[PDB]
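# Return a 3D structure for these sequence lines:
(4 chains, ligands or ions: 4)
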Amino acid sequence: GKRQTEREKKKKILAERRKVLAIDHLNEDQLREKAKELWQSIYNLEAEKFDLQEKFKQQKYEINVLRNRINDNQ
Amino acid sequence: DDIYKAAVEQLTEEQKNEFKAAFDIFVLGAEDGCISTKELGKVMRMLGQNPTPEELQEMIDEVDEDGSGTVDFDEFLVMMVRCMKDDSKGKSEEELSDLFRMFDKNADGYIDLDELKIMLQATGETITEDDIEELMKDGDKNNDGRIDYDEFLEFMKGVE
Amino acid sequence: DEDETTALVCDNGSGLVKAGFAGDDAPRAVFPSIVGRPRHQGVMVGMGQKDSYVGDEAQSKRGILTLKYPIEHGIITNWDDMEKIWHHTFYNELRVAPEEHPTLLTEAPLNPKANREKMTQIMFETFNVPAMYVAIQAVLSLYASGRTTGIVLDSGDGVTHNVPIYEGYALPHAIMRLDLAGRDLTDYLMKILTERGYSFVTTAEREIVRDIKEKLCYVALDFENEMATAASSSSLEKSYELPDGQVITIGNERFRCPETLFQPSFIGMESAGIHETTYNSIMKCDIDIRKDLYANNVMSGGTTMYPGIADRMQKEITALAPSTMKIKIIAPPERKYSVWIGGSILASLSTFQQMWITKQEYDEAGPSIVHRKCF
Amino acid sequence: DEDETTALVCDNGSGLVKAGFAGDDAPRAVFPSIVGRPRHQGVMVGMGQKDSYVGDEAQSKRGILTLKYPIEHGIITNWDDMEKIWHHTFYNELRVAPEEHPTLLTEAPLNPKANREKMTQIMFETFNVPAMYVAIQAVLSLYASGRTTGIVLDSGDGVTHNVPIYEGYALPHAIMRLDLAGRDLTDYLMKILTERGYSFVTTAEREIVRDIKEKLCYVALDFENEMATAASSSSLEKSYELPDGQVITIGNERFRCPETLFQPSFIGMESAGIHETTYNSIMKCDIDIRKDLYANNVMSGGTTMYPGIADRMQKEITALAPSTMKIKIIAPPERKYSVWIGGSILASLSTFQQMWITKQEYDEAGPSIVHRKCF
Ligand SMILES: Nc1ncnc2c1ncn2[C@@H]1O[C@H](COP(=O)(O)OP(=O)(O)O)[C@@H](O)[C@H]1O
Ligand SMILES: Nc1ncnc2c1ncn2[C@@H]1O[C@H](COP(=O)(O)OP(=O)(O)O)[C@@H](O)[C@H]1O
Ligand SMILES: [Mg+2]
Ligand SMILES: [Mg+2]
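Residues are numbered from 1 along each chain as shown, chains lettered A, B, ... in the order given. Ligands and ions are numbered 1, 2, ... in the order given. Structure data below:
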């Protein structure tokens, strides 16, 4: 139950998000432009990965906020 | 005094400009330019609020401390800043929660007194006793030993 | 949450749940295993109107809730109840996410294997713990004592277990479970208090009378002689101040309540006292080491906070067994946390991560892998 | 009428009707529940000659009208009387049309379910209110106090109700109604004044003597000792100036009239004083929270404007209950409007319109829908 749903939902999401290249036929110039583009894409992904990490930390902080609001409530 | 400039800082420019140009609804000609205290209630009806005898008489008491029977423009600005409490057109809260994160420098969930003392001395003013004492009375209600985000928001309401 | 990915240590003892982080000396979130449910339906609004109530919240709201036990003597009623209480413990009480910390759990001795397989499966599906390990509380109490030889008397709130372990080896052939525990104690005390004029059925008075057991109860040195002298006993008779303010006076009952475990014939058990159960357990195994078992007996559980178990224990065993070698009991103060301490001890050493039960092993072999991964 | 479609808030309290708009602090139209009818027939012309007289009109015309009570202790005489008085309140007093404003009403505790079904049906057919909600005055007084824990003593003009509510939960099993109220007070005072030489039967003198109760009456701290010292008591004896101008002097009667509620044996009730009714109510429920009930008792009703209920209340409860915890009563000034205030509070929040009783629900399921829509 839900064993395949989770795994293949995740794989489906990563399939629509990522783009597949028919690398074998790619020409000389094409390897140039594309490896530049792929490196830039990885650059941006790491950029807002770091943003996600930071904002993960702050959302942890607001969890801290709300859980303390709860414990004081007794 | 510092209340006059604090009232200047805590009120936006458009509000005070409309307030003064609209106080100029009572003056008509060959007058001192400062209307009697009771007429002040009437300009308030223009403002859209409907105050009551208790607040009206109290507020009346909040003007003309030296007892001249008349109101000047600086007392006018301080009383207006002291009337509607919707300062800063609604103080924000999200960035403020970021600032709550700022008060805390050990990542615990609340504001320590030592963190408050360093925060206050970082301005340039040292520690005096009435400072922290009154700041604690303003911020806290039951001696919980800390300033949480509700007391945080409450203490600085309207402040920019 | 600590910056390090240290493991979670959780003792789901039969009567108390004690959870915290590895490397800590004491569990952080400790609560009784009672669960409260709204006694009536919803018509009001503005506050409350929440189904499950756990922990101190339910303790404060005992009167308004039907108080139910998700576990009794090991038997599991509703896994949803454990789901909710673990959610509460991890997020509202421990303020931790189980995604980044493997969990070491302790289980009641001789718990069902089907129970283990179902609980592990629901756990792994519902939660996202990276790795797993579950152990018997007997070896945990052994670790807390830090001596590989001895017989452990685990007195939980649902079962009392006697387990012999010699030189750090389990002896299942000489391990027994007795259905006498806190529940029985409260029941027997309830009927005696009924014969004293006070007859209550609800759980609030159950907690009141177990508190009375915690505070005032004796373990009689000699039973019938102490009721004979407790006939009047103005000084020996002891009183309690109930929270409503009435003064409730109890005399011989103080030492007539725990005595039932020693004398089960009071309310009809074929099995004799727990000292007989330790005695038989000892002789089942080879003769020679029995003396060491006599000299290395350990007792563990929240009940152990009561006085009188040690003296009674030694005297009766010396009566049953020859009195050549000296028998002495060991019991560190606040030993109900000791199991959790042992859990921390397990996470202390660097070999423990060799046999974490990871997610992929369970995904490969299902729950059945634990049958080969723990034992 | 306000430009907004805000709801109507009407407290039909047993003795007073207080109606107004939602979001207001106090009810606008407040009148006693007396109804006057022409004592004789019509032969004159040019003015008057109107059947129903309600409100201050009847108060001014008390002498010429037979004064009748459309409700007494909750029992309903004639729905036409309520029809007319509600017409008067809505149009002549509130100057509002019920077409565009839903109504929140408060009803006497434990009012008949058949009474609710008939009143709702006649209401919906006769009037065109868009939506409906009716609630018990107990939770309304609770809302006025703004504390979910306490026992409410609702002292209306027909019934006195004791209702315990813990953490905002009703306890019908410990709720009781006592047939002592303003009517009894006036009656008893009438017979004592008859023994003082003044014997009247008509309702005008009923209102005069209830006014006397409002002004001069005491609640005796010690009863027989105060009549013993009230034998002469020139200073303690107090006088009133009746509107005709005669000076009527009353002494011990001032504190011998409210005492009857505390001492019902004066005019023959099996039930003891209302403090006993609060006491039994408290013990009926679990022991533990009883202390909180002791410390959180609230009293509500128009009668509460009299002095002496608070001191008598606390002293007798402390006499009956153990004096460890401190008992204190809370009663905000002008609490007879408090119920209506709570009605406004109900309309304050935006969840209240989730359970308005709309016209189409009643058209589908008849009156019976309220059996499922309120409770
Ligand atoms: N401070 C205390 N003093 C005395 N008895 C206690 C105390 N705390 C818990 N207990 C008793 O311990 C019982 C719970 O046992 P527990 O420690 O959960 O067993 P286990 O060791 O199997 O987890 C409760 O029924 C309670 O009566
Ligand atoms: N201002 C007042 N002072 C003293 N008693 C009053 C006052 N107003 C009303 N009462 C008494 O309150 C009674 C009506 O009670 P009421 O408030 O209608 O009960 P309920 O709270 O159930 O609606 C009247 O019989 C009258 O004697
Ligand atoms: Mg145990
Ligand atoms: Mg009332």
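# Angles on the backbone of the residue nearest to residue C:273 when sequence neighbours are not counted, please.
Distances taken as C-beta to C-beta, 6 or more residues apart in numbering or on different chains place residue C:262 nearest to residue C:273, at 4.0 Å, with adjacent residues excluded. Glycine gets a C-beta too; all of them are placed from N, C-alpha and C. The phi/psi pair for residue C:262 (degrees, to the nearest 10) reads phi -70, psi -30.
# pretty sure residue C:262 contacts residue C:276?
No. Judged on C-beta atoms under 8 Å, residue C:262 makes no contact with residue C:276 at a distance of 9.1 Å.
# more crowded one of those two?
The residue with more neighbours, out of residue C:262 and residue C:276, is residue C:262; 20 against 14, by other C-beta atoms under 10 Å in any protein chain shown.
# where does the more buried one sit relative to residue C:11, distance-wise?
Applying C-beta to C-beta, to the nearest Å, the value for residue C:262 to residue C:11 is 27 Å.
# Quick check: phi and psi on residue C:326?
phi -80, psi 130.
# what's near enough to touch it?
Contacts for residue C:326 (C-beta atoms under 8 Å, 6 or more residues apart in numbering or on different chains) come out as residue C:295.
# Assign a three-state SS to the residue of chain B found nearest ligand 3, would you?
Nearest residue of chain B to ligand 3: residue B:109, at 34.2 Å (C-beta to the ion). Following DSSP: H, G, I helix; E, B strand; the rest coil, residue B:109 is assigned to coil.
# ok, and for stretch B:145-160, which residues are buried?
B:146, B:147, B:148, B:149, B:151, B:152 (16 or more other C-beta atoms under 10 Å in any protein chain shown).
# contacting residues around that stretch?
Taking C-beta under 8 Å, 6+ apart as the rule, stretch B:145-160 contacts A:65, A:68-69, A:72, B:9-10, B:85, B:87-88, B:91, B:93, B:96-97, B:99-100, B:103, B:109-113, B:116, B:135, B:138-141.
# Please apply the same query to stretch A:64-74.
With C-beta under 8 Å, 6+ apart, stretch A:64-74 has contacts from B:97, B:100, B:107-110, B:144, B:148-150, C:56-57, C:60, C:91-92, C:95.
# ok, and the closest non-adjacent residue to residue 60?
No chain in the question, so chain A it is. residue C:1 is the one closest to residue A:60 (C-beta to C-beta, 6+ apart), at 7.8 Å.
# should've been chain C
Closest to residue C:60 by C-beta to C-beta, 6+ apart is residue A:74, at 7.3 Å.
# Show me the contact partners of stretch C:103-114.
So stretch C:103-114 is contacted by C:7-14, C:22, C:74, C:116, C:129, C:131-138, C:140, C:154, C:156, C:158-159, C:161, C:163, C:175, C:177, C:339-340, C:343, C:346-347, C:371 (C-beta under 8 Å, 6+ apart).
# So which of the contacts of stretch A:64-74 are in helices?
Among the contacts of stretch A:64-74, the subset assigned to helices under DSSP state H consists of B:97, B:100, B:149, B:150, C:56, C:57, C:60.
# May I see the residues you listed arranged in CSV, with distance to residue D:108 as well?
Formatted as CSV, these follow (distance: C-beta to C-beta, whole Å):
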residue, distance to residue D:108
B:97, 48
B:100, 49
B:149, 45
B:150, 40
C:56, 39
C:57, 35
C:60, 33
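# Can I get the buried ones among these as something I can paste into ChimeraX?
A single ChimeraX command suffices to select whichever of the ones in helices among the contacts of stretch A:64-74 are buried according to 16+ other C-beta under 10 Å:
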select /B:97,100,149 /C:57
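# Which member of the ones in helices among the contacts of stretch A:64-74 is positioned nearest residue B:23?
residue B:150 (37.0 Å; C-beta to C-beta).
# Run a quick neighbour tally on residue A:30.
Residue A:30: 13 neighbours (other C-beta under 10 Å).
# For residue 1, give me its contacts.
Using chain A. residue C:125.
# My question was about chain C, not that one.
Contacts of residue C:1 (C-beta under 8 Å, 6+ apart): A:60, C:95, C:96, C:97, C:100.
# which bits of chain C sit near chain B?
Contacts of chain C with chain B, taken as C-beta under 8 Å from any C-beta of the partner chain, are absent.
# Residue C:335: what's it in contact with?
Neighbours of residue C:335 in contact, by C-beta under 8 Å, 6+ apart: C:141, C:144, C:300, C:301, C:304.
# meant to ask about residue C:297
Counting by C-beta under 8 Å, 6+ apart, residue C:297 has contacts C:150, C:151, C:153, C:278, C:313, C:317, C:327, C:329.
# Quick one: mark the members of those residues that sit in helices.
C:278, C:313, C:317.
# For the residues you listed, give me JSON lines that also has distance to residue C:272 and neighbour count.
Below are the ones in helices among the contacts of residue C:297 laid out as JSON lines (distance: C-beta to C-beta, whole Å; neighbours: other C-beta atoms under 10 Å in any protein chain shown):
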{"residue": "C:278", "distance to residue C:272": "11", "neighbour count": "22"}
{"residue": "C:313", "distance to residue C:272": "14", "neighbour count": "21"}
{"residue": "C:317", "distance to residue C:272": "13", "neighbour count": "19"}
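# could I get these as TSV with distance to residue B:61?
Formatted as TSV, the ones in helices among the contacts of residue C:297 follow (distance: C-beta to C-beta, whole Å):
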residue	distance to residue B:61
C:278	84
C:313	80
C:317	86
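# next one: phi and psi at residue C:131?
Torsion angles, degrees, to the nearest 10, at residue C:131: phi -150, psi 160.
# For it, give the beta-bridge partners.
Per DSSP bridges, the residues bridged to residue C:131 are residue C:358.
# That one against residue C:360, yeah?
No. Residue C:131 lies out of contact with residue C:360 (C-beta under 8 Å); the separation is 10.2 Å.
# who has more neighbours, those two?
residue C:131 (17 against 7).
# Please report the distance of the residue nearest to residue A:60 from residue C:116.
28 Å.
# likewise residue B:23?
If you go by C-beta to C-beta, the gap between residue B:23 and residue C:116 works out to 80 Å.
# Mind checking which of these two has more residues around it?
Just comparing residue B:23 and residue C:116: by other C-beta under 10 Å the higher neighbour count belongs to residue B:23, 20 against 16.
# how near is the more buried one to residue B:38?
14 Å.
# now swap in residue C:141 and tell me
Applying C-beta to C-beta to residue C:141 and residue B:38 gives a distance of 83 Å.
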